[PDB]
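Shown below, as structure tokens, is a lone chain in the form deposited in one PDB entry; questions about how it binds or moves come after it.
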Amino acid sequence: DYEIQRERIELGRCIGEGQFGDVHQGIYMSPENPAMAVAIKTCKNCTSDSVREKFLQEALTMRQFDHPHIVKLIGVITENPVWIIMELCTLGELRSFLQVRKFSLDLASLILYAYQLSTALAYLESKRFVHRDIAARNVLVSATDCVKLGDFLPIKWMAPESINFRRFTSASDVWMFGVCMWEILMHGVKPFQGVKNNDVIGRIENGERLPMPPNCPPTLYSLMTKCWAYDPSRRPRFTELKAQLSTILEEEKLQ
């Protein structure tokens, strides 16, 4: 029974924006814990059956997973206004975090975040689950040493086959992960800035790729470039990415 009575939830400050509405922090006065810090996802136009259904589907999806680098579902309130109650990642969205701490965050921390994400994605791959929207905007920061996948057309992140034929696979997820790794190493700058979405595919087909971020180890950019193989069947799977990221992290930590 994931249904939570509204009176058990104290709605606190807005922490960020979300796909269907603002996300707030709050307190869940629960039997297990009289003052549990939580995140609360809201949904504007949840009076619309169509919108409610899509919104609440992410809670159903989240409930299927149990991994240290995937945010956990706590519960739902399914009467209007509909809320999703989630684990609170107290340092917020990854992009804003990287931008604000641009000159506090060392290279080892950025590599750790890519590794931790590869860990979540390998797990989703192991369950044959295709995410379709892997990007830094969908990652949350729980501690300075812990990020989590937080959210279940983003043309500038999408694999060629996704843009061309609306095809999404484990292989297209790896492409998107390549872009996310680039975002992290860029301290939260978006890919292809100043480029219109419609021109993105032309440049990919022409063989153009996002350049090596400053201070990015060559081993890591090489891994990114393998993620961006045009032929999906040449892209690595997450088990290899995870292994390689672990080695890269260690090298970085050793010196």
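So that there is no doubt, residue numbering starts at 1 and follows the sequence shown. Each form is matched to the other, and the largest set of C-alpha atoms that superpose within 1.5 Å is called the rigid core.
What comes next is about the form deposited in another entry, which is not displayed.
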From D66, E53, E208, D199, residue displaced between the shown form and the other one - CA threshold 2 Å or more, rigid core: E53
Large Cα move at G16 between the shown form and the other one, threshold 2 Å, rigid core: yes
Threshold 2 Å Cα movement between the shown form and the other one at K226, rigid core reference: no
Rigid core fit then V189 CA moved by 2 Å or more between the shown form and the other one: no
CA-CA separation of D145 and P34, closer or farther in that other deposited form than in the form shown [shift of 3 angstroms or more]: closer
Cα separation of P34 and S142 in that other deposited form versus here, shift of 3 Å or more: closer
